[PDB]
Structures are given as C-alpha cells and as structure tokens.
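Below is one structure, written out as structure tokens; the observations come after it.
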Amino acid sequence: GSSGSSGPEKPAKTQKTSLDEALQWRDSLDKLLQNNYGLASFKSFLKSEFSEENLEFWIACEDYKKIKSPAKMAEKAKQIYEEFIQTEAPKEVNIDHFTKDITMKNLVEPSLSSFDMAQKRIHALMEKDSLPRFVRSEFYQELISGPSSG
C-alpha cells in the first residue's frame with residue numbers, strides 16, 4: 001500500500017500563421033475566421049469598430065450547427081434571433097429586411113441550415129467590409145510584416 005496523488009499538467013506550443021497564409025485571408029474571409037490567429041485578431045478589430053456583432057452571429061451559427069438536441073436545435077434558434085434577428089436588438093447584425101425575414105420563416109422547422117442565409121449574409125459582409133478593412137489596419141501589418149520577413 002502506497003498513498004498517491006495525481007496532478008495537472010502544462011499545455012504546449014506550435015506554429016501560428018505564415019506569410020503565404022495571412023494573404024489567403026484576403027481571398028476568402030473564412031480562411032481568416034477558421035485560423036485561430038487570424039480570428040482572435042479579427043475579433044478585436046471589430047470590437048473597436050463597434051462591429052463585433054457581425055462576427056458574433058457567425059460564431060453562434062456554427063455553435064448551433066453542432067446541436068443534435070431536438071429541443072436546443074429549435075429553442076436555441078429563437079435565442080440567436082431574439083438577440084440579433086430581434087427588433088432593435090443589442091447586437092442586431094447588418095441584414096436587410098430581405099435576409100432578416102428569411103431567418104424568421106426558417107424559425108418554424110429549423111434544424112441545421114436554419115440560419116443558412118443569415119449566416120452567409122453576414123459572412124459576406126465581414127469579408128467585403130471588415131476583412132478588407134482589417135488588412136489595412138495594423139493588426140494585419142503585424143501578421144504579414146511582423147517580426148518575420150515577407
């Protein structure tokens with residue numbers, strides 16, 4: 001018999017982003033969000049431009065797609081709407097009545113692609129609005145013209 005006690009551990013490190021990569025974010029916004037590095041930075045950028053609500057709707061969407069629960073898939077759906085797709089909502093994203101209306105009609109029998117349009121709608125804005133406005137900012141200049149060469 002020997003008394004023993006376990007203990008926690010420490011994480012590790014790894015690459016982040018390369019020059020030939022940072023540029024890939026220019027072509028399609030997705031590449032950016034997908035990349036942990038580009039994403040983290042992308043967010044902050046918005047927070048300053050009071051346009052962080054645009055990304056939020058995106059992150060949530062994905063977090064909703066991975067919803068198997070028969071109640072959550074529906075209930076949760078209304079949540080995102082009452083937050084963004086809600087009248088004068090606090091984070092009401094930028095979506096004309098056209099797209100906005102869509103989601104609503106998709107709140108009846110929502111499953112996974114409930115916010116298919118709304119998602120692609122905002123995503124297309126953060127890629128043609130912020131994306132192009134993020135590269136011009138320093139946050140980007142440091143990603144490509146940082147402590148490394150181009």
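Each answer follows from the model by the rule given with it, or from the source it names; these are not laboratory values. A quick note on method: Cβ atoms are made from the backbone with ideal geometry, for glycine too, and the neighbour counts reach across all protein chains shown.
Computed values, structure above
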{"read-out": "Residue among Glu75, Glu127, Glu109, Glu142 that alone is within 20 Å of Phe42 (Cβ to Cβ), without any contact (Cβ under 8 Å) to a residue 40 or more places away in the chain and not small (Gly, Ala, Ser)", "value": "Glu142"}
{"read-out": "Meets criteria (without any contact (Cβ under 8 Å) to a residue 40 or more places away in the chain and not in a helix (DSSP H, G or I)) for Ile95", "value": "yes"}
{"read-out": "In segment 68-90, the residues that are more than 13 Å from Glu53 (Cα to Cα) and touching a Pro at 6+ places or on another chain (Cβ under 8 Å)", "value": "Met73, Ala74, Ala77"}
{"read-out": "Residue ID - surrounded by the fewest Cβ atoms within 10 Å (Cβ to Cβ), chosen from residues in segment 121-143 that are of a type outside the set (A, V, I, L, M) and within 22 Å of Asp101 (Cβ to Cβ)", "value": "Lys128"}
{"read-out": "Residue within segment 59-75 that is over 20 Å from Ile95 (Cα atoms), assigned to a helix (DSSP H, G or I) and small (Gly, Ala, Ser) present", "value": "yes"}
{"read-out": "Evaluation of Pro110 against (1) surrounded by fewer than 11 Cβ atoms within 10 Å (Cβ to Cβ); (2) outside any helix (DSSP H, G or I) (one fails), failing number", "value": "(1)"}
{"read-out": "Criterion violated by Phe45 - all others in (1) hydrophobic (A, V, I, L, M, F, W, C); (2) exposed (fewer than 15 other Cβ atoms within 10 Å of the Cβ); (3) assigned by CATH to the domain that holds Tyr140 satisfied", "value": "(2)"}
{"read-out": "Residue count for segment 80-92, restricted to those that are in a loop (DSSP other than H, G, I, E, B), on the phi < 0 side of the Ramachandran plot and surrounded by fewer than 17 Cβ atoms within 10 Å (Cβ to Cβ)", "value": "6"}
{"read-out": "Out of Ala118, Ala74, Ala40, sole residue that is crowded, with 19+ Cβ neighbours inside 10 Å and either assigned by CATH to the domain that holds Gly146 or out of contact with any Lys or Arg (no Cβ under 6 Å at 6 or more places or on another chain) (or both)", "value": "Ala118"}
{"read-out": "Residue among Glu53, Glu21, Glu62 that alone is surrounded by 14 or more Cβ atoms within 10 Å (Cβ to Cβ), within 30 Å of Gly146 (Cβ to Cβ), without any contact (Cβ under 8 Å) to a residue 24 or more places away in the chain and of a type in the set (D, E, K, R)", "value": "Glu21"}
